[PDB]
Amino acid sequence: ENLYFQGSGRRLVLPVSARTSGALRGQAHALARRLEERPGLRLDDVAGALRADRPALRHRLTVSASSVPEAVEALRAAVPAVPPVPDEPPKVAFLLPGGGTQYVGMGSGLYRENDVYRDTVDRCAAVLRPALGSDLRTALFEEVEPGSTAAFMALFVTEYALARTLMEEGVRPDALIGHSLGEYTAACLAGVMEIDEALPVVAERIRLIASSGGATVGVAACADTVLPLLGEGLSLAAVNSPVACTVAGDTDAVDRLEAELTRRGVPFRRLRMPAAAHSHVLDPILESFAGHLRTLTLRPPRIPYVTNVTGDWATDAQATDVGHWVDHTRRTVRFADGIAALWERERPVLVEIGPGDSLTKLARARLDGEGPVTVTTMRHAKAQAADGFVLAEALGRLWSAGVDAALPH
């Protein structure tokens, strides 16, 4: 179970582009039949030849392979999966999850294969030791108490390292959106905050939220259905999509809401973190948390980002205002509105940065049926794919949608 650096391995992305719906499938089986019938062809050479010796036409797909049999098999199954590329290159947005999908071992494959990912994690763990009290890489890769400060900081650093890794490949986001904790990651990526200063502040934000107690319930219904059921002792914590919102408050009030939701057939699930972020339960720690926010050098965003406060693009005045960041922690996460504002300006490819597809589902629900292209970037806890495979697929898919710099080499 070693995390020693191995460097990049043999896995490569093979690009295929045609002019038709259409000929793409045919051209992919052609290439498959060529590598079978030509044992002298190395995967190595084919990857470069597919890059240098052919034009990048409108209809694209890719396969990932660490060997010729793998590539041949993947080119048969290959089905076009994104629309033909636009006449103008697509915009790109990063979506940064707030927690719920973190796990021990996430990104461990990237930690071993990718020097940017490894260096970013190492840098953050060293900066974090005085505030955290431990080496974050222990929590990232070996063991962690669920819902601890370390568990969530593991998620924050994974997002940051993964975003830095994509940016070094040339996939630089034109816009950012995060969900609660993820808005801090977005602010660091946008230049609003410096990662080294943000790390201890995010850590104390987590401890202050956890120490405030209370409870949160995720309700699979739109906010209009939930609002009339609240509720002295309850706040609307997040409006996530037309079929998802969260409600937070003291545990007794949340218990009674759940009883009344059951009585109406409304599906819901108690979030496992016994906390109440984005609700009145945080009132006693807001001013203390503003003390920590005052330690940060805030700058206007150099990449645009939408905040959960307004569900709209953050202004320079907001990004640099401690009181806004205090409001961000107290007030409803307007994620669904944020997704719509992001989409309406850019119509960008939506790239989820972090483990899972939880924000991708919210975006698909809110953006039905604008046909968003979404890209996923890190596997769920129980999935068997290798991290480097999932990353290579994401990069190939980004190229297929028209983000040319996403293709590696």
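Each residue number is its position in the shown sequence, starting from 1.
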Self-check item: Between 228-236 and 215-223 (mean CA B-factor, as deposited), the higher
Solution: 228-236
Quiz item: For the stretches 247-255 and 92-100, which has the higher mean C-alpha B-factor as given in the deposited record?
Solution: 247-255
Self-check item: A52, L350, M378, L359, ranked by C-alpha B-factor: the highest one
Solution: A52
Quiz item: From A341, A32, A365, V373, which pick has the Cα B-factor that tops the rest in the entry?
Solution: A32
Quiz item: Hey, what third does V79 fall into on Cα B-factor, ranked over its chain?
Solution: highest
Quiz item: By the record's CA B-factor, is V322 among the lowest, middle or highest third of residues in the chain?
Solution: middle
Quiz prompt | B-factor third for the C-alpha atom of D122 within its chain | solution = lowest
Quiz item: Would the CA B-factor of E159 place it in the lowest, middle or highest third of its chain?
Solution: lowest
Quiz item: Against its chain's modelled residues, does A131's Cα B factor rank lowest, middle or highest third?
Solution: middle
